[PDB]
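Colleague: Experimental structure below, sequence on top.
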Amino acid sequence: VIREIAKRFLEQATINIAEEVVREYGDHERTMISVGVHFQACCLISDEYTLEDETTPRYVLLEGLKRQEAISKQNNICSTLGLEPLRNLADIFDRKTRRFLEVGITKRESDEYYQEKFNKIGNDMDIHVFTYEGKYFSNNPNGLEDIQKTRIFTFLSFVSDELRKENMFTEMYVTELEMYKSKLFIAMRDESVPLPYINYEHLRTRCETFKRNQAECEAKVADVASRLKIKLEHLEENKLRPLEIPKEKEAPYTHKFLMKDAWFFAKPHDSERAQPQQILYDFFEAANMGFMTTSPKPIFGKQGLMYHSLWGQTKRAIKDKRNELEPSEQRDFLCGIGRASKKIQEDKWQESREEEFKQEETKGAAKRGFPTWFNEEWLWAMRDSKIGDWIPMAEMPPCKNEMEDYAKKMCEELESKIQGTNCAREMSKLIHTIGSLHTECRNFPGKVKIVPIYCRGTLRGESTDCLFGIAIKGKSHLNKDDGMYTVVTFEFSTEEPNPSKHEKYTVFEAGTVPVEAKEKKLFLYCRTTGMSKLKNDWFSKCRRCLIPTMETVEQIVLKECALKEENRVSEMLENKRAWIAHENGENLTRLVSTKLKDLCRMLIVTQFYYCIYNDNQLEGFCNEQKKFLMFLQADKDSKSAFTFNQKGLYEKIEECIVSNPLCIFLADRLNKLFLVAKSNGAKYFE
Amino acid sequence: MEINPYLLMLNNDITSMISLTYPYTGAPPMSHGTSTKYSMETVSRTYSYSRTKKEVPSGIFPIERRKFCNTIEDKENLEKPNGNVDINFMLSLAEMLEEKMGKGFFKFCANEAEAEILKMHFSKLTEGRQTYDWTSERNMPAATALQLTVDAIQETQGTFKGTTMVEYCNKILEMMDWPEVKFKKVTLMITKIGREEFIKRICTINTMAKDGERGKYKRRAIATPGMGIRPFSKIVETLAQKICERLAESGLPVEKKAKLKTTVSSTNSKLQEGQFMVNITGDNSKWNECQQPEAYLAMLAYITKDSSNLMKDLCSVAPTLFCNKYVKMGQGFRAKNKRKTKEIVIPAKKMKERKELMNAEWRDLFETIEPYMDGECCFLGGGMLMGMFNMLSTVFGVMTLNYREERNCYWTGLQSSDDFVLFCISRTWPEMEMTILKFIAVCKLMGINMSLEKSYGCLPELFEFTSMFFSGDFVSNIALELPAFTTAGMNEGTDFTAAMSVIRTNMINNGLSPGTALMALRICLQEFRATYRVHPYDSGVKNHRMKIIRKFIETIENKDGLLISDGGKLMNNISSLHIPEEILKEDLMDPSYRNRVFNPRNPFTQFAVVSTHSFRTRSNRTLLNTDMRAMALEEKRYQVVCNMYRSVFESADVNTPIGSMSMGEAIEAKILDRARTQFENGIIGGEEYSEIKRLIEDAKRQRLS
Amino acid sequence: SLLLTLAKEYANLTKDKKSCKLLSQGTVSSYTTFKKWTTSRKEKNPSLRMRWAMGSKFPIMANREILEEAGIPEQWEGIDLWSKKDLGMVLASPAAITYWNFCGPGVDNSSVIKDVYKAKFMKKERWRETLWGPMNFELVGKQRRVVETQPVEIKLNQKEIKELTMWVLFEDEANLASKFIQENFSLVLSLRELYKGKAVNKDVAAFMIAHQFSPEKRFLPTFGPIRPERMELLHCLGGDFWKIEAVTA
RNA sequence: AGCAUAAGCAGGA
RNA sequence: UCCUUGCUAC
């Protein structure tokens, strides 16, 4: 035992302290003897000295210590008197000389080690080099030596003669690139080599001794020959055919609310009566529901009696000034209660012979055709409505003499166009109605509430609110981001219905309304639908649709001055045309140019439609129409573009067009773009 | 009258009317239900792209192993994508690569890489995305799964003293040599596990459905690895990161606009009297099913041929962990009767026993994956899924773009993760057919399959790279995400200035013209006011927070010095997006208002902008009623111990607290150290020093017992 | 007398049974991975749950003994400000926040607030004293650079700053002593003539030191001169299709 | 019924 | 075997 060999001449406390320092360093055994010799020698330096001194003695022993605290006490002394170390730690702290003291012990010549540490730090600190053989080459200043030196070379002769009597010379050495070579990993790495190799060693030697050859080009041309791939030009084989719009049943109206066929009742807005149930009550006295008699036989639809009893139940519910539907069969049938499958886990199944034969089957989505009603709602949606401001915007900040005026001017002018249109009425409808539905879906799960469908706008300066319908929640327990709770919508309209457009509705009749320019009809619509958590989060913040639109407009304006280097902004928004809206009987070079400012109207429309009809089909169709826009830009400058495989391309574009009315509409207008661009450029068909 | 919104493009470019074609104002499509069929499509599509049947039996794993390199069965349908790599061809491309720039290239980049590995601490593994915890077999953040891993280490055998990268990796390999591993299940029981099951569990990668990806019709399965693959992949991403930073034909770190100007301008000055240039935008298809890690093992065996002995075996372990990965197959499917009334749930475990209750596509995809299925997982050995090596495949792309065949017709370009731009220089059009088919030849041999549907070209610069459509002179910007303007949602003080920070960073990086900036500033202001129910004082809003403001408005003298959260107007602008609202408005506040708001003796804040509205909303209610209550007790204990370590070291959140001994012994030795330093120049009292010494010794005897 | 309190807290926390298996079993660095135990996934909808938070009546956790010293249980017309449901922390409404902001006590602390944020008030002071001019409407654009963006007068490189705060704030566990100290140690004497006696907490003090010494150098598209004063004037001066600069001084 | 689109929600403890 | 309840202001 090396410990018992040590304890014949090593001290007793140095076992615990020096062994503790070896436990601080790691798992070694010769460092016990190394810290024993160095620390015990430093104890021999501080053994009998300091006869009379200050409160603290002349020698301070902090080299052999818990390896956190020589730096801290070094900062207490060097911060007390004022000193600074030089990226090095000292062995014994001296205060009589106001310097440090560092001791090295070697077996070699005392010249080279002092050239090592003196090559490191120079004449900054004090270095003393000792040797078991009896060599001594150290720094030029000295002290009270030839007392401590006699005993320390006596001790090095003592332990040196012990090592001569025990033959331990290569074990007495003072002071990374090994990975832990495990067993299952080397059996795993040799198993996952490529097939012409046996072990990782042969692969490593062949990768370390690799030179290339000219059999590379023979395999390359041998890959060229068995290819059968030709490129397809456009100036000779311009097969950019129009897309395949499905010739089937027309796509219905799928928006949750009514845009073009809406009818609102008005009253002046009260500031004290501002909660949505109070707006519901004040429109129960304002819009007289006593004249809202409905026959139990609808014009068309699916379910007549349940909507009649549901409308009567919610009408007497609003009549008693409380919004909570008491449980009857109508609400238990319409908003889904108990209409869920029994989710049985696979712990009990109790199998029966040829009874409850169960499996699974999926179908997909059905295909529809080109909608004919979408053009009249596009041209209706960008037409100015006299009710003025709809969108609740905010105040304009003050401006310096910077470019801010320009920005402010643009914003003011663009806002002066967009507050009056009917798209602002639909955005206000979605914000107020879906926001109120959102707060009701948070505050009351498990209870069916009644949320009005309304707006707010300024009529002749008087701030008024509208009322477009009555919405009914479906006890939304929104656990996840999905959930698809059931909203029952009763809508107000003043036009004759259409079984092609209003296909999902359950149109009743409502009554008569006096309309001054005589007294026309009134049609109440019914529809059951569903919403989710995410579409509540996205529909209630549609005001961000104003964000990209101006950007597009501003790019045009900036590019104009980017071609001209002159402040032409106000007159450039007046004396510039923008092509839109070709006619129906003819298309070829018969386009309607409008002013550049009014164009922003049309732009906000399509941004709002991107808020509504977003599906997978619109995403993939937008990628592929970016491809065809790149082809048309390649046509515009006569660059002679080319394609490698058109057939699978049209199988992906004609794959990603199923049932979205915006996707079918923009596909049709893309084909008409190919006709109008076909009137000038030659890469297309008719 | 019809109408067409695309007609503006008849006299414009694709650099102005291209932000019109993005549906970024709507909701992204999400996934519903199980994600099993997508993983079956990925793995079974990989085995369909294996182009072989050469199977090799295994001694470690109980399942067969198919090879993916140098075993080709050449089908006639070569335009279909292949997944077979020729290693001598790609090593010839690497030798062709290093002969272009310098001589000691890989030695230099490998010495910088290993120079940064040896000075790296392992707590960097906690600064990442979500990982897979195999202890409870769920998805967790990086610090929780790392601390459960270290918990299994210190619970199984011994303690942990590493505090480095390399000793932690060697600790993981030492866990591979262990015969039995014990961890904690749930109410905290202690369970055990064998040796081969620990190998089956340490190499499990969890797949799920990619939610919110703008631009696809069908969904896709993303994969998340565990914890024992992350530091090795960090090593490989540092190596390939330095390699990509040194090269001149890559665009992952980023400038991506100067490089294309220098290569279009530099290669248009290398034309002869009859030569010309044609650029081709392409799109590499099936990028996650044709990158095998065995070619990564050969190339990473070639890069570090003269680096060290540590790096040579340390950069050759993560591809060996990618050749034998498992795949979680989701959570099963659901069966129902003819009446659609009772719907049983079949998990991923019993899918083999209930095989005969599936569809036609489910049995077609299921019988081509059957001889590779484990109980819960699958054995894929040639795939490189999402959330993996991304800076290393780009180096393969630069190797495909630096091919030299020996006329004077050649190519150059730029490479990304899966988007390349190729510039060809030649003399005639059938020679263009020869050069392009040679590019499809070298990419087809190496394992990169160009899509024939999404590729095109023109003669001048009209190409496409990372959704920036470059025209002949002008540059369009990236159509950025809209909801990122309002995603702070924490405070009445750190929302509007955070929104001005997002508007500022989108103004400097992207174009973001000033009218859009003022408009988005005003809309974010309006969503702030609609969020926190605070309106200006001159408005007619009468709620429970404007009644107090409208009642007490007479006390305020200077009315436009109020904050926006207290019913003030707007004073920030485009030229004030770097100054917060409070610091801009403190030159105009009333002294009663300013001394009343900014009082640190407030019941809301007590227990980067000024903290005077900073409140904390209340916690949830179902966090203490489920079976995971005791884990919230454990984070309470962790916050208590971290509060004690904050109570010992007065400056600990500034510097990273390195050290490898213990926490409590540094506490006790620190209280003794400051007890001596504050003793001799300070305290001086026997009852205080003896009482603190008595409590330290009693706490030490209590802690040791 | 703080070490007696720390002894009572350390002896109080070693009294627990299963807490002794936590400390003296990990490492010093594990404190970092003891800091983060966020069992929530990502908090993927912060503004959504924030609007769901503000729609209720008592969303806020507020202290009891500070608010009951001056506050009132209910306002003059039905406005609730208090609850009795639950540590002794009581739920409350933001009407009590604005009621504190208009009908509460006040403590004069303008010197401390105008001394912590010297960099940001320096930004406003440099912003108010500049002059602009006309626009240009010209093509402009250049590459991306690494630019120091703050007009500091010390210009350290994020390595003498952490070491500097170790050798200024708390030197008992600061760092191994380097060669970067010397002239900066004279600067340590100048900083120890400043941060000795203040009411500012050490985290806020280490925060406010790092904003007068650190030129924030970022990778931004720059054009024209590369002066560090006009780098908050980067996004205000020019974009891609326009430019406005007439700064005289 | 409906939302929805290759699979889920339409309560649960 | 059973159905607890949150209070909404553009």
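Modeller: Yep, that arrived. Numbers count the residues shown, from 1 in each chain, chains lettered A, B, ... in the order given.
Colleague: list the contacts for the residue in the stretch 301-450 of chain B positioned nearest to chain C?
Modeller: Nearest residue of the stretch 301-450 of chain B to chain C (CB to the nearest CB) works out as residue B:387 at 15.2 Å. In this view, the C-beta of every residue, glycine as well, is placed from N, C-alpha and C. Counting by CB atoms under 8 Å, 6 or more residues apart in numbering or on different chains, residue B:387 makes contact with B:129, B:222-225.
Colleague: Residue A:546: neighbouring residues, count only.
Modeller: In terms of burial, residue A:546 registers 26 neighbours under the definition other CB atoms under 10 Å in any protein chain shown.
Colleague: part of a helix, is it?
Modeller: Yes - under the criterion used here (DSSP: H, G, I helix; E, B strand; the rest coil), residue A:546 sits inside a helix.
Colleague: the domain parsing of chain C - what is it?
Modeller: Chain C breaks down by CATH domains of a matching chain into domains covering C:1-40, C:41-108, C:109-249.
Colleague: Between the two ends of the second one, how far is it?
Modeller: So the one you mean is domain C:41-108. For domain C:41-108, the separation between the terminal residues is 42 Å (CA to CA, to the nearest Å).
Colleague: give me the number of residues near residue A:230?
Modeller: By the other CB under 10 Å criterion, the neighbourhood of residue A:230 contains 9 residues.
Colleague: show me the contacts for it.
Modeller: The neighbours of residue A:230, taking CB under 8 Å, 6+ apart as the test, are residue B:433.
Colleague: Contact partners for the closest residue to residue B:389 other than its chain neighbours?
Modeller: Counting by CB to CB, 6 or more residues apart in numbering or on different chains, the nearest residue to residue B:389 once its immediate chain neighbours are dropped is residue B:236, at 6.2 Å. Contacts for residue B:236 were tallied using CB under 8 Å, 6+ apart; they are B:300, B:315, B:318, B:389, B:392.
Colleague: returning to that earlier point: does the residue of the stretch 301-450 of chain B closest to chain C belong to a helix or a strand, and which?
Modeller: Remark: residue B:387 resides in no helix or strand, with elements defined by DSSP states H and E.
Colleague: Could you do residue A:73 as well?
Modeller: Taking DSSP H and E as the definition, residue A:73 sits inside helix A:70-77.
Colleague: Against which helices or strands is that helix packed?
Modeller: Helix A:70-77 is packed against strand A:92-94, with contacts defined by 3 or more CB pairs under 8 Å, 6 or more residues apart in numbering or on different chains; DSSP states H and E.
Colleague: other SSEs contacting the strand it packs on?
Modeller: In terms of contacts (3+ CB pairs under 8 Å, 6+ apart), strand A:92-94 is packed against strand A:59-61, helix A:70-77.
Colleague: One more pass at 7 Å, please.
Modeller: For strand A:92-94, the packing partners by 3 or more CB pairs under 7 Å, 6 or more residues apart in numbering or on different chains; DSSP states H and E come out as strand A:59-61.
Colleague: roughly how far apart are whatever residue of chain B ends up closest to chain A and residue A:536?
Modeller: Nearest residue of chain B to chain A (CB to the nearest CB) works out as residue B:26 at 3.0 Å. Distance of residue B:26 to residue A:536, computed by CB to CB, to the nearest Å: 14 Å.
Colleague: Residue A:573 too?
Modeller: Summarising the geometry, the distance separating residue A:573 from residue A:536, computed by CB to CB, is 38 Å.
Colleague: Around RNA strand E, which positions in the stretch 551-700 of chain B sit nearby?
Modeller: residue B:621 (CB under 7 Å from any atom of the strand).
Colleague: How about residue B:244: what's its closest non-neighbour residue?
Modeller: Counting by CB to CB, 6+ apart, the nearest residue to residue B:244 once its immediate chain neighbours are dropped is residue B:250, at 4.7 Å.
Colleague: Report the contact partners of that neighbour.
Modeller: Residues near residue B:250 by CB atoms under 7 Å, 6 or more residues apart in numbering or on different chains: B:244, B:394, B:398, B:415.
Colleague: That'll do, ta.
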